[PDB]
Structures are given as structure tokens and as C-alpha cells.
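Enquirer: This is the structure I want to talk about, given as C-alpha cells.
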Amino acid sequence: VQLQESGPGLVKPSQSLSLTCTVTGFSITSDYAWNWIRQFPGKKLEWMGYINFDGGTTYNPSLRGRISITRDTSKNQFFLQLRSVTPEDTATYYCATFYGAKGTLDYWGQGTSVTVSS
Amino acid sequence: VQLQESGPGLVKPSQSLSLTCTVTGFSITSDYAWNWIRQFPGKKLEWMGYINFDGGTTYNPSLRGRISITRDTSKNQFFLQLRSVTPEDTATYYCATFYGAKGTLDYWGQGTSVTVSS
Amino acid sequence: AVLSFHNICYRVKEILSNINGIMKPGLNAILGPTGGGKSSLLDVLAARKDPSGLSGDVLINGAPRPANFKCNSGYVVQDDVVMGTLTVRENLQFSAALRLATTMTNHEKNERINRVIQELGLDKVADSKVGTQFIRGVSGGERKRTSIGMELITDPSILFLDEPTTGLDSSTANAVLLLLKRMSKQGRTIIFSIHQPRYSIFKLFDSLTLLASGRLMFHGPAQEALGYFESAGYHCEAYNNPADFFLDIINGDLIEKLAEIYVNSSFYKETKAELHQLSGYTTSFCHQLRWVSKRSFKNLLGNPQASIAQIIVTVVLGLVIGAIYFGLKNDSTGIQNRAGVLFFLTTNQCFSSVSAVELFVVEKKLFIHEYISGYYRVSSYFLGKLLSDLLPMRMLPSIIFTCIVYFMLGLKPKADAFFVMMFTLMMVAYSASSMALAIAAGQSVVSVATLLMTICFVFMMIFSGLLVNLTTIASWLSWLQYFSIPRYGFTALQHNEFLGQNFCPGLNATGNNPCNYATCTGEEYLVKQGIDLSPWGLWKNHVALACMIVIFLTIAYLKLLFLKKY
Amino acid sequence: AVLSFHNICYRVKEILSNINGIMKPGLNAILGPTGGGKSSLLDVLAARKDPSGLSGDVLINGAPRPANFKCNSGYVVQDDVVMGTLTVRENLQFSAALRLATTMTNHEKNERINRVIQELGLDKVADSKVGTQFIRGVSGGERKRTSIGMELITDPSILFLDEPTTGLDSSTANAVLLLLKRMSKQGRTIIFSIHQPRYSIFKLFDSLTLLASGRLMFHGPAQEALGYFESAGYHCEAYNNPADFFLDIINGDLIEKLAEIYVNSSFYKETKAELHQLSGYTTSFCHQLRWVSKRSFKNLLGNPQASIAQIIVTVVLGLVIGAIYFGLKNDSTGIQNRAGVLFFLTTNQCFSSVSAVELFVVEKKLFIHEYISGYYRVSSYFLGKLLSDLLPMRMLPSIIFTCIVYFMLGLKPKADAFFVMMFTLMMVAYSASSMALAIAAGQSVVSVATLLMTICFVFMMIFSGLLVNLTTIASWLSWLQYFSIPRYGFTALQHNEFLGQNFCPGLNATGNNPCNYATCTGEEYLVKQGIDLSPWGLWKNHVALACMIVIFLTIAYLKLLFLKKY
Amino acid sequence: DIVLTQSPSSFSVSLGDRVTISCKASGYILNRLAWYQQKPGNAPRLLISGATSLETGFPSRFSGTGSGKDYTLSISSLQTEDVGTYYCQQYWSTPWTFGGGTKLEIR
Amino acid sequence: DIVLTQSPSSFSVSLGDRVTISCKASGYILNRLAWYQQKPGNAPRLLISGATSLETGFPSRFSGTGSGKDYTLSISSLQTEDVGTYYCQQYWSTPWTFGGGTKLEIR
Ligand SMILES: CCC(=O)c1ccc(-c2cn(-c3ccc(CCN4CCc5cc(OC)c(OCCOCCOCCOC)cc5C4)cc3)nn2)cc1NC(=O)c1ccc2ccccc2n1
Ligand SMILES: *[C@@H]1O[C@H](CO)[C@@H](O)[C@H](O)[C@H]1NC(C)=O
Ligand SMILES: *[C@@H]1O[C@H](CO)[C@@H](O)[C@H](O)[C@H]1NC(C)=O
């Protein structure tokens, strides 16, 4: 219902990536699934993976082993942890909301941009 | 959305029973299931059987062979046809509406009363 | 006619060394222990082994053995190879219809049989059923009388019996051998071997050859065989069998000691001076496929308890599945029931076709002896028995499962979908049957192939789509889902039946489906299994099974063609 | 010690009329055709038939036969009943630890073995294995030497052999009988029956009884049997076996004609005047269960290819199910996968328990001869072989399925849910195995029971809950869902595993479920199959299976108890 | 089938009072429970769907808290227009039985 | 996976004109299709769910008529505020691919 990304806007190549989406107005352990969507320049959207409401998760098989999503249920946060980064995925990252019984990405974050250079 | 029963308010024993519920405001071949509910004096409600939107039907196993439900899709009517009547079921009959994906009797007819005597 | 053999070195290990002798017209017999050459010299002289092992020559009246020798001689198997469910009249017509040419009349051919069956003395059992486990038949002393006549059809000069007394009773065997001595005075050169005869048998012979451990140890007239060994250094007491006395010498009251005694014989030198005086298809293809399929069809009707049974099994199990799944509801449980019965039908077709292993394995020794005898081609055998046994005994159950359960269950009540289901069960019955012939043909035991058919199905069964979901196997196993026969039938039956259905009552979902994770229509069940909705996607399964019939029957053909025939 | 039998009219059909004779300590023999009483007078005098058919009396030295007659005499089966995987040292210890008294020392017991095995001349093979299909063992000439020594343990006065020469070679058979005649001079009476002996055999006998078609035809010394038939009106030619000559008179070079000549004999009256000259448990229970479970366990180790093979199949089929169903997803397809594999694991326990038919059926002819001789009790036999064969070979594969597939698939990752699954597959393994002992016990053929186990499971498989939905069967069939072993297992694995699960991603349904027909939790799947949610609903199955174990083993107990032992 | 039970077959309450109606099932329903309110002389009107959700056209004085087999209905501070007849319905199986119904009264 | 295709990768239309965007799938989706509208500089906003239903917050100038594999979107009489970027999404399988996206223009 109300989402907000935050994180470092720049990173060295082949080091790490961390983002944080702090959900207000709802409890992230209640209902929904919570997922990450990135958007490359030369716009082609690409879905990354969701964490369920009960801690289970499912990742896009294109991003094998490089991605992991964890949560902190104490303050309604869920964390994107992307490792061994290439300078190709200097995309715009989004945290989003999936109802499940309706099936659509109902709510979308404000959106942050990450650039991988040196 | 808008239902209305009609039929004979009295009948001889062991002959027949016919009712008619003319649905306005909707087409009965579109969405819903359509069913009959009778209510005995000394109030204990009792469900009888539904006809689906596609002509299929399912009857209460307590009323074996005595009931049959047919429809006329030309003018949005569906017919209750109850045979070999006993003077015990001099109940109040209702035509009703079942959403299926919500699961509740959402709409209810005005209600007619049938008495079996001589 | 005479045989004459000289300097035979047969190998696989040389279990024969150098054997010399002629066989005049009379009664030629070969005695010895079972480890010796009494069973292998016979197969060499009847051209039944590999000529790659043979070294020495075989001459007939001054002429070597032609390619027509396997057709101009009679070989008789030890156990009966006769059609035990037919009669003796029908069997000898079967042997006549494939060995004599097509020039002769049925009046001509039946008189030749009447020459035989009157000579064998089988007039009282001339139209009697031969005998099975389930049929009281002709006694075992006359089954042997039947089988010898099967080789007398061409009226050959040279007969090869293989142990004509083993298995009979002692009083039974004297009736056989006195017939053979009555056959001998017709001029027929009779060559055989006995496991431990009796002196009442031994008094009827004319020529004797004693073999043990791959060495010629006597060959001459059977009258002097006792008198030769008294000069050898052994004494025969009174009230002793001379034939048992000969094997008493073999076991030591040694082999190479007794052999060189026979080289220095007065009888071997008469034999050695004899050999140097001498030394120095049939029928059209269409006609064969009639009579092979005609014989096996009577074998199918003549054995009711293996064929009428599978009709009864079909109807009874067909009624039970009609009773449990009585008319299927279009509610949330309806998908589980409809995909339940269709899985049960396709595997019932597969797992019951393990009985097709019985087809080529039980008839194996009849197949081998006939093809060397050359009654037919292997192309003609294979197309006939499929037309006789496999084709009708699989059309019947797929109709009876179709006719009974289709209206008790209340499946999709259209005209074509009744016959698409009928055709689908027929192909998957053939496809599993063809795989059974692809494994069974060539082997001689039933149980090893039957176990291997069992292992092959339970791995095919996992990939059918009911147990596991096919679209969520990891991609390095998902290539296995094409090898599996019960997938293609079950995919076809699901496509025949879930097209115009609905399963959420009160909920029209086919225009829009709100509240998903629902499986509210037949397509949504059908796509989630990974199955195409185009009408190609149905018939793709049928052309798949039709290819698997052609591949497996070909593998079945080549294993029969490239079999070790000897 | 002498026997004396008189006026026996045995019936089932009187296949004996009136047979008279004594049997001196020597070499008593019974010759004749196989249709006669050459195998039925023997079983009467050895007390192996039903005493209801018995009419006459069987006396020993003036004393009639006690119930101690079986424990004081040895009977030797025709085919070898020896443990072909044990050595001869092991079998003779096994026979000694069950027949002799418990007061004897092992140092006493070993010497009693050592005298016998030296008397049989078996010191060179004294620790060699006897022989199986999968182990090269001692030849057939000394398997027979082993089996006779198994009945030489008690040093009885009376021995009963059944066809000691049928199945051996002729050079082999003289070695057996020359050993027996050396036993005959020591004072042990030997009673046997030979199918068609030789004159080298027949020169060694001490008394002869010629039986055919239920009539006594000769009794006396075997030397005076040839001269009697010379004086009967026949002639024996030169070079003839007299034993063949004796059966020559049977078949007509008539039965009642030849018997009446024996009625007017001077050999008959000497028998007649002699028979009127004379006329006028051991071991406790727990000791029996120790040695029996010891024997079948070495049989289980000694045949690895029937026991290692079930382990290898369990590991391989463990890994493949581990590979196909690799970690399961909590999505819409998760219900189809989880309920798939749990249906495959339960039914794998049932259909692999068809090999338990092999347990009592192959051991049947060994079970009968050991119980009539009385090595044990039936209650002691049954609790031992359950402990030795059935108990370990079902605990092992249910752990091997449990250890492999549980953490590959990723089932409910708790402590007890690992063990509840392990315990459940153990219980359903016994219950299917107990049903195999319920049916296969008492029968002697394998294929009828192996068919019948396949029939019962495929009807049990339908009602298990995956094919048909158990809540919507018509009510006059829904009582059959209690009679099926795989339902109680498959319900328990479903109850163990579908409790805290969810299957609609993004949708918390366990507080409220909008948009039904959904099956968005484990309970809504588990109720729709008709399964309780109480913790009793889990363990209701285990007491249901355990009651089926006790019933089926009781039926397995009683069918061995009421068997036709004679 | 699934028979239902409203063992409080009647009540005798006062205005503004918090009353509670229990509905017991003969099996598991898994929140597939309903509530209807029948005034004398009319058709039954839906009150609560799914045993927790509430229908548009009723104040938030009604609330259902069901779990497993023991489903219940709570009316906090009932008005005068809440007198009538209440029924509970399972819609899990096909023969959709109702409860016997209870009838509120004012002392 | 299921890859998607919007072969009209661009347009050049006029105001008040009826435009139509096609979205082709690499399999069956069975109406599990979506539509998003991304203005330049914002997050994607949901337009049509289930390939026929429409979201609260949009006029009824948008409509989707999909069947089988060929799903489409129709904008009748587009305003100025309907310029932007449109995406189609399958949510049938798990790797939820989107379409490549198309971008309307005004001549
Ligand atoms: C009406 C009654 C009737 O007649 C009848 C009714 C139905 C059927 C019938 C039922 N079928 C079937 C079998 C299985 C399934 C499901 C698959 N499940 C599930 C999982 C699993 C797992 C296994 O584990 C790998 C396994 O394998 C077992 C373990 O193996 C290990 C081997 O290790 C040994 C080591 O050795 C070296 C097997 C299985 C099997 C479905 C149908 N198929 N046919 C057969 C019937 N009779 C006859 O046809 C018949 C024949 C000849 C006759 C002749 C004369 C007279 C009458 C005759 N009648
Ligand atoms: C379901 O509703 C749609 C409306 O979009 C209609 O096309 C269809 O005919 C309905 N189903 C049936 C079976 O009438
Ligand atoms: C689901 O929601 C209910 C209330 O609606 C709550 O009790 C429960 O904690 C939620 N599920 C999980 C796994 O948190």
C-alpha cells in the first residue's frame, strides 16, 4: 500500500549490492508476496524474485546464485542482496507488491537507480 | 439481482408441483447458479437443488427422483418440477442465487407458499 | 542311400576329435553318455550346427551335401513340438501345405497324408485333439507317433530322430521302435541316439556307434559290439545288459587308452578301406502367410482359458470402474476423478500387455526347428502371427472398456469423442505390446523379460503427468518424458475429454477468471499439465505411438532375423 | 530289529489290497512301476500318510508302533532338502541341535557328527558349501550323502530312503549303494524303492518286494525272485537285466492272474507262517527359536543376490525419485507433486512385498519333513523366520527411502516429521508383507499367489485416495475403503506433511479464504480428501495397520497349523 | 452429509447487550460458514460470509470468529432492529444443510 | 519460460484516434495477462488485469479482448495523457516475463 526504496546509488564492480524497501501502512508478514523488479536503460523490464509472506522465496532462474532476498519482520523491511555485479546491470530497481489471488503487480515503489562503474 | 417467484398456491396430494422464477436485470445463462430453497413451518430451512448456468444440475440426495429443474433461456426463467407430493412438505419455497466464487446465497426471491391438502 | 563322414574336427574347445564311419540303409544308432558326442554328432550330420566349426566332409552316395539337404531330410526333436491344441489331421495338413509344392491337388495331398496316418496306425485318433494341460488329449506314446509323421510328408530317405525313447515308458517305447524297424525295411536310413536302451531294444538294431568325451570308441554292426569287447580285455557276465555294459567300460568297471585300441581294430581298418573307395523359397509369400495365420488362429480358439479369460477380466474390471466412478460431477472434485480414471485406463492397457511376452517365447523352439526346415520366411512368420494373435486380442478389450464405462461415467457425450477414446486405447495397447515383443523375442525364459517389462513401465509411469507435474521437472531430466508410452495415451485422453468442461459451479470462468489459483475450467487444468490445445496437440500423440509401433516391431523383426539359429 | 506288516487296506479308492511281509536287518527293497505302490507302501510303513486309511498293523519285534516311531527312525526325501547355502558341517550341527537331547555336550555333539561324516566319507568336502544356483558347490553325488547323514544323527534302527538313485548318474549310484550295504552289515535296517535298477545294483539286495497297481506280487530274497518266475512259467533270455525282466512280466512280455500264482507260493506261506508266529516336546521353546533364526539368517547372507538386489533397487529408485522431485515448490503445482511422491512411496512398499511370497513357498517341502520328524514346533518355526527374514529385510529399505528422498525433496523440516514418515513406511511394509504371508502360506506354487497379490493391490490402489476421491463414492461402496492397506499409509503421509503448508503464493489464506474453490492451504486439500485434522487422525492409521498385521499373521499362523501334513 | 447445530435455540436478552450465538458443525467446514438474518415475514438476508467477512448494509456490531469446528457469531450492543431469526450455513459439501436457527427475544 | 512479443514496437498516431496494441505469447496464457502504463519517470501502473477487467482509476476507453495466444489492447479516442509506454505481462508461470514494451507518439 505504501512502499519506499533506499540504498547506495553507486557501487564498485564485482563487489555487492544492497537495497532496502520499508513498507508502511501494512505488515509484511501478513498477506502479500514482496518482489523486486529492475529496469534496464533501453527500457526492457525484468523480474527478479519474490519473498513470500512466510519467509519462503523464489528467484528468477536467469539470476542464479547472484541474488538473495532476506527480510526483517521487526520494522517491515525486506532486503535485496545482489552479489558479483557486472557493469551491465546498471538498471533502475523497484520493490513491488503482488496480491496473489488477483495476480497482478498492484503496487510499485518509488524506484531507485543503481550504477556500476569506477 | 432481481428474482420473482410465481405459481399455484395449492395442489392436490400425489399429483405434481410447478413453480417459476423469472429473473430480470440479468441473463440466467451468463454467470451464476440458480437454486431452490424451501422452508417448513416450524422453521427449518432445507436446500433442494441448483441448475448451473450451462444447463447442468445437482439435486439434494434427500429428494431423490421427486425433483427436476428445467430452464427456459429465451425469457430468463427456470422451473421447479416436484412430483408425487406428500402433505408433509407444505413449505414456503424460494428461488435464490449463488455466486460460486464467493460461495454464499447472495440473492433471495420474494418467496411463495405452497399448501398440499384437499 | 548311404551317409559317409570322415575326419570331423568340430569346435565351439574341440568337443569331437576324429570320427569315421558310413551309415548304410538300416538302423543306425549312437550310444554313449550324455557328455559325449551322442547329441552333437547327430546335429552335425543333420546340418544343424554352424559350418564354421565343421572340418571334415559329409558325403551322400558319392555326392556332398547340397543346400537341398535341409529340405530332403527329416529331423525330429526330442520333446514334442506338435500343435497340442489341434488334431493330427490338421497338423499333417500344415506340414504338407508348406513343404510340398503348390502344383499338387488337395485330393493329391490328402491321400499322401492317408498313406502316412495309416502307416503310423493312428486311425483311431485321426481326428482327436492332441493334448494340452487344459485339454485331455492323445497319449504321449502317440504324440511321438504324430511328430515323426510330420517329417514323413516329403517321403524322405534320411531320418534324424533325437532320443525317440526318452520320456516314454519302457513298454511304450517298444511300440515306437518296432514301428521304426518296420520303417527300416522300406529302405529309410534311420539315424538316432538313445539314453541307456534295453536289450529288448538293442536286439532290433543294425549299426552302432559308441561315443564318449569326443572320441569314436566303436562303430560297426551292433551284433558284434559285445563280441568286440571280449577281445578287448573285458568280460561280460550273464544276466547283464550289453548296452549298460558298454557304458560300464566308460566309467571303469582310460579314454585315450581305449581309443587307440579301436584304432588298431579289424573293424576300423575295414571302415578306413571303405571311405577312400568313395572319396578317391519353396512356396510363395502370400500362401505362407495364410497357413501360418490359420494355424495360430485355431491355436487361439483352441486355448480358451488364456483368451476367454482376458475377455472376462475386461468386463468385470470394466464394471467396477463403472461402479466406483458413477456419473462424474462437474464440481471441484470432478477434475480429480476424471484424471483418475483416464490414468487407470492407459496403464491398464500397458501393464496387461506383459502377457505378450508369452507369444514368441513359448513358440521359440517350434520357430527354430521350422525355419531350419524352411517351412516359411521370417518375414512371413512375423506378419502372420501378429495378424493372428496380437491384432484380435487387443482390439477386443479396448472396445469393451470403451463401450461399458463411457456412459456409466458420463464422459463428453459427442459422437467423435467416443471413437477418439476408442482409438486411443487401441494404439497404447499396441505400443506396449510392441515393446513386449521388442524385449521378449530371442530369449528363452519368461521371468527375466517379465521382470524387465515391469521395471520399464514403472519408470514410464512416473512421467505420465499424474504423479509428477511435467513442467516442473529440471531440464536435464525433462528429455526423458518422450520415451514413455503411458504419457502419450494419457495426454490424448485428457485432450479428448477436458475441452468443453467446467468445474467451478456457479462460476462462468471461460470469459474472465477472477480469483485465480482456481482451475475453474478444463483448459486451465490442461495447460498446467503442459499439453497443447491445438488439434495438432491431440493427434501428435497418435502419430507418436504409430511410430513407436513401427520401430519396436522392427527391432522385434531384427532380433528374430539375426538370432543364433543353431 | 525287524518290521512286520500285515493285511493293509489303504484308501484315500483302495490303492493297496493286502500286503504281507517282514523286513530283516539287511537291504530291503521295493521295486515296481511308478503307478503302483512303490511310493505308497513306503509312506505307510514310515508313518507319513493319514492313519485313517490304515487298516492293518505294523509291528516291530513284537511291539506295535508308538508315537515315538518318528523320532526313532529316519526318512529321506527323494529330492535333496538340504540347505544348499550352508555347508555340510553347518547342516549336521543344525540337525544335532534339534533332535538330540539337551544334556549332551557340544564336545559330545561334535564327535557324533565327526563319526558320521567320516562314515559317509565326506571329510574332503567337510566345510565346502553344498551348492546353490549362485554358488558353485559340492556335486550331486554327495548332496545325497549329506541328506542320509541328516537322518543318521539319532543312530536309528530303521532308515527310510525314497528313490536314492533317481537323479544321479549310473557311476554315481553304485557309489551310494555300496555305502548303504556297508551300513546294512552294521545293524541298521534300510528300506527304499528304486525306479528301474541295474543288475549291478540288483546283485546287492537282501530282500525284495515287487509291487504293482496295489497288489503284492513278490516278497522274499531277491536272488530267489528270478528262479521263482522261471518256475512261474516264463523264461529269462541270455544277457537280460532281471529287474527289467520283472517289469517285463508286468506289461505282457493279467495283473490278477499273476497275483493268484503268488497266492499259491511256497514263499507266500513261509511269510504267512511267520507273521502269525509274532502276532500270536523333547526340546524347549526358546532353544528352538535360537537355532532356526540362526539358520535362515545365514541363508539370507549366503544368498546375497536375492537380498543385496533389494537394497540396490532401493538406493537407485531412491535417487531417481530424489532427482525428479528435487526441491518442491509451494506454488499451484506443489499439491500435485507432494501428493504424487507420497503415493509412489506407499505403493512401492506394497508391490515390492510381492517377493515375500517366496518366503514360505520355497521352504514348504523343507517345512513339512522337518515337522513330521519334529525338529521344532510350528509356533517356534513361525516366530523364528519372521525374526530372521521378514523383520530385517523390511526395516532396511524403509530407512533407505527415508534417508535419501526426505532432504532432497524438502519435506516438512522438523524432527518428528522425519521419524513419523520413517515409522509409517515401516508399518505399511509389514502390513503388505503380512498379507503376502496370509495368502502364500500353505500353497506350493508361486505364480497363482503372485498373480493373486497383484490382483488385490490394484483394487486397493484405487481406493487409496489419489485416483478417486473418497468422499464421493456411492455409499454402498464406501465401506470398501477400509479394507485397503495403502490407504492407511498414504493417509498418514498426507497427514504428516500437509499440515502447516501453504500453496498460493502471495495469499495468506489460513486466516480468511476469499475466492474459494482455491485449495490455498494444506488443510483445504486435506479435508477435501476426507481426512481428519485431529492428532488422532494421524495415529488412527497406525493402529489400523497394526491390527491388520496381527490378523494376517494369525491367518499366516493357522494356515500352517491346519495344513494337510501327510 | 454435514448436519449443523445451534444449541442455543433461543435467547432472552436486553437492549444494548452483547449476545453471542454458537454454531457447531458435524465436521470441518474451514471457514466456509455463513449467517442469515430472517425478519418475520421476509426472505433470509445474508449477514456474514466466510465466517469473518461482513456484508455491505450492516453496521460493525456483527462479527464472526470461527476456527475449525466451533464457529460463532457476536452481536455487541444489539439494537431493536436486530431481533429476528439467525441461521448458519455450511457451503462445504453439496447437500447444503442449514442450522436449525435461533430466535432472539427481549425481556 | 514464456517469452512475450509486442511486434508493434512504436506508433505514430493522432489525438482522438482509435489505436490497438497487440501482444503475442510463446504459449498459452489463458487470460492471465496484464497491462501497465509507464509515464516517463515513474513506476509502472496497472491498467488491465486478467486481459478483460479494468482498474479503478481509468476511463472506459481502454479494453482488452484476448483469447488463447493473441491478446490485444484497444484504446478508443486516446487523450493527450495516454501517451507513454505500455507493457504486457504473463503471470502464468513462475519467471514472470514482460513484453518488450511499446511507446506511443503524436505526429
Ligand atoms: C480381474 C482380475 C484380473 O484378471 C487382473 C486385473 C488387473 C491386472 C493388472 C493390474 N496392473 C497394474 C499394476 C500396477 C499399476 C500401478 C503401478 N504400480 C505402482 C508403483 C510400483 C513400484 C514397483 O517397484 C519398482 C513395482 O515393482 C515391484 C517391485 O519390483 C522389484 C523386483 O525385485 C525382484 C528382484 O528380482 C531379481 C511395481 C509398481 C506398480 C497399475 C495396474 N497390471 N495388470 C491383472 C489381472 N490378471 C491378468 O491379467 C491375468 C494374466 C494371466 C492369467 C493367466 C491365467 C489366468 C488368468 C490370468 N490373468
Ligand atoms: C461466460 O460469460 C461470457 C461473457 O464474457 C460469455 O461469452 C459466455 O457465453 C459465458 N459462458 C457460457 C457457457 O455461456
Ligand atoms: C494470516 O493472517 C491471519 C489473520 O488474517 C494471521 O493470523 C496470520 O498470522 C497470517 N499468516 C501468517 C503466516 O502470518
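Laboratory data are not the source of any read-out in this text; all were calculated from the coordinates shown. A quick note on method: Cβ atoms are made from the backbone with ideal geometry, for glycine too, and the neighbour counts reach across all protein chains shown.
Enquirer: At a Förster distance of 25 Å, what's the computed FRET efficiency of D:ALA232 paired with D:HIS195, Cβ-Cβ distance as r, to 0.05?
Expert: Working from the Cβ atoms, E equals 0.60.
Enquirer: Among F:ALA34, F:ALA43, F:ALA25, determine the one that fluctuates most according to a GNM of chain F built with springs between C-alpha atoms less than 10 Å apart.
Expert: Maximum among the listed residues: F:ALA43.
Enquirer: For the protein assembly as shown, just the Cα atoms, rotate onto the principal axes and tell me the three extents in Å, largest first.
Expert: Principal-axis extents of the Cα atoms in the protein assembly as shown, largest first: 129, 85, 85 Å.
Enquirer: Summarise the partner chain shielding of F:63-72 as one whole number: the mean count of Cβ atoms from other chains within 10 Å of each residue's Cβ.
Expert: Mean number of neighbouring Cβ atoms from other chains: 1.
Enquirer: Throw me the Rg/Rh for region D:74-155, computed over C-alpha atoms with Kirkwood Rh, two decimals.
Expert: With Rh from the inverse mean 1/r over Cα pairs, Rg/Rh is 0.95.
Enquirer: Can you tell me the relative contact order of chain B? Whole percent, Cα pairs under 8 Å, sequence separation 6 or more.
Expert: Over chain B, the number comes to 35 percent.
Enquirer: Please check which bits of region C:357-381 a label hung off C:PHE297 would reach, taking the label as a point 7 Å along Cα-to-C-beta and the cut-off as backbone N under 13 Å.
Expert: Under cut-off, by backbone N: nothing.
Enquirer: Fewest Cβ neighbours within 10 Å first, please rank C:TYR406, C:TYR376 accordingly.
Expert: Fewest to most other Cβ atoms nearby, the residues stand as C:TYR406, C:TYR376.
Enquirer: Test of understanding: ordering C:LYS49, C:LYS38 by Cβ neighbours within 10 Å, fewest first, what list do you get?
Expert: Ascending number of Cβ neighbours within 10 Å: C:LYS49, C:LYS38.
Enquirer: Hey, another quick one. Take the eigenvalues of the Cα gyration tensor for region E:9-58, scale each by 5, and report the square roots as semi-axes in whole Å, largest first.
Expert: Over the Cα atoms of region E:9-58, the ellipsoid semi-axes are 20, 16, 13 Å.
Enquirer: Using a 10 Å cut-off around each Cβ of peptide D:364-375, what is the average number of partner chain Cβ atoms that fall inside?
Expert: 0
Enquirer: Identify unpaired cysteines across chain D, taking unpaired to mean no other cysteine Cβ lies under 4.7 Å from the residue's Cβ.
Expert: D:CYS9, D:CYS71, D:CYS236, D:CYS286, D:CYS350, D:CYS403, D:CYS456, D:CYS547
Enquirer: Below 12 angstrom from the Cβ of D:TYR234, what's the summed charge of the other residues (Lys, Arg +1; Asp, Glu -1)?
Expert: Neighbour charge sum, excluding D:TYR234 itself: -4.
Enquirer: Modelling each spin label as a point 7 Å along the Cα-to-Cβ direction, I'd like the E:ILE2/C:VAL543 distance in nm, to one decimal.
Expert: The modelled label-to-label distance comes out at 4.9 nm.
Enquirer: Over the Cα atoms, compute the radius of gyration (one decimal) and Dmax (the largest Cα-Cα distance, rounded to a whole number) for chain C, in Å.
Expert: Every Cα atom of chain C included, Rg and Dmax give 31.8, 109 Å.
Enquirer: Taking the radius of gyration and the Kirkwood hydrodynamic radius from Cα positions alone, what is the Rg/Rh ratio for region C:285-561, to two decimal places?
Expert: Using only Cα positions, Rg/Rh for region C:285-561 is 1.03.
Enquirer: To the nearest 0.05, how large is the calculated FRET efficiency for C:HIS276 and C:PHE459 if R₀ is 56 Å and r is the Cβ-Cβ distance?
Expert: Result of the calculation: an efficiency of 0.25.
Enquirer: So if I take the alpha carbon set of region C:240-395, get Rg, then get Rh from the Kirkwood formula, what is the Rg over Rh ratio?
Expert: Ratio value, two decimals: 1.37.
Enquirer: Write down, largest first, the equivalent ellipsoid semi-axes of chain B in whole Å, where each equals the square root of 5 times an eigenvalue of the alpha-carbon gyration tensor.
Expert: Ellipsoid semi-axes (Å, largest first): 23, 14, 14.
Enquirer: Related question: In nm, give the distance between the simple-model label positions of C:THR172 and A:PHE79, each being 7 Å from the Cα along the Cα-to-Cβ direction.
Expert: Computed distance between label sites C:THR172 and A:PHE79 equals 9.0 nm.
Enquirer: Next up: From a point 7 Å beyond the Cα of D:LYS203 in the direction of its Cβ, which residues of region D:226-246 have a backbone N at a distance under 17 Å?
Expert: D:226-227, D:238-245
Enquirer: Still on this structure: Using a Förster distance of 41 angstrom, determine the FRET efficiency expected from the C-beta separation of C:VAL445 and D:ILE255, and round it to 0.05.
Expert: 0.40
Enquirer: For chain F, give the share of DSSP beta bridges that are antiparallel, in percent and rounded to the nearest 5; count only bridges with both residues there.
Expert: If we restrict to bridges inside chain F, about 95 percent are antiparallel.
Enquirer: Sticking to Cα atoms, compute the Rg of region E:9-92 to one decimal and its Dmax as the biggest Cα-Cα distance, whole number, in Å.
Expert: 12.4, 35
Enquirer: What pairs in D:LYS129/D:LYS365; D:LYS70/D:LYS109; C:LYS272/C:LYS565; C:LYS13/C:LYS257; C:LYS109/C:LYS365 have C-alpha atoms more than 23 Å from each other?
Expert: Checking Cα-Cα distances, C:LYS272/C:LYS565; C:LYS109/C:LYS365 exceed 23 Å.
Enquirer: Moving to a separate point now. Per residue of A:105-116, how many C-beta atoms from partner chains lie within 10 Å of its own C-beta, taken as a mean?
Expert: Taking the mean over all residues of the peptide, I get 3.
Enquirer: Could you put F:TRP96, D:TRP291 in order, starting from the residue whose Cβ has the fewest other Cβ atoms within 10 Å?
Expert: Ordered from fewest to most neighbouring Cβ atoms within 10 Å, F:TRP96, D:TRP291 come out as D:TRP291, F:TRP96.
Enquirer: Still on this structure, please answer the following. Points 7 angstrom from Cα along the Cβ direction at F:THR20 and A:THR115: gap in nanometres?
Expert: Label at F:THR20, label at A:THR115, 4.4 nm between them.
Enquirer: Further question: List residues of region C:519-542, by number, whose backbone nitrogen lies under 11 Å from a label position 7 Å along Cα→C-beta of C:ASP416.
Expert: C:535-536, C:539
Enquirer: Right, another one. Using just the helices of chain D, give the 222 nm mean residue ellipticity in deg cm²/dmol: DSSP H runs with n ≥ 4 each add -39,500 (n - 2.57), and the total is spread over all residues, rounded to 500.
Expert: -16000 deg cm²/dmol
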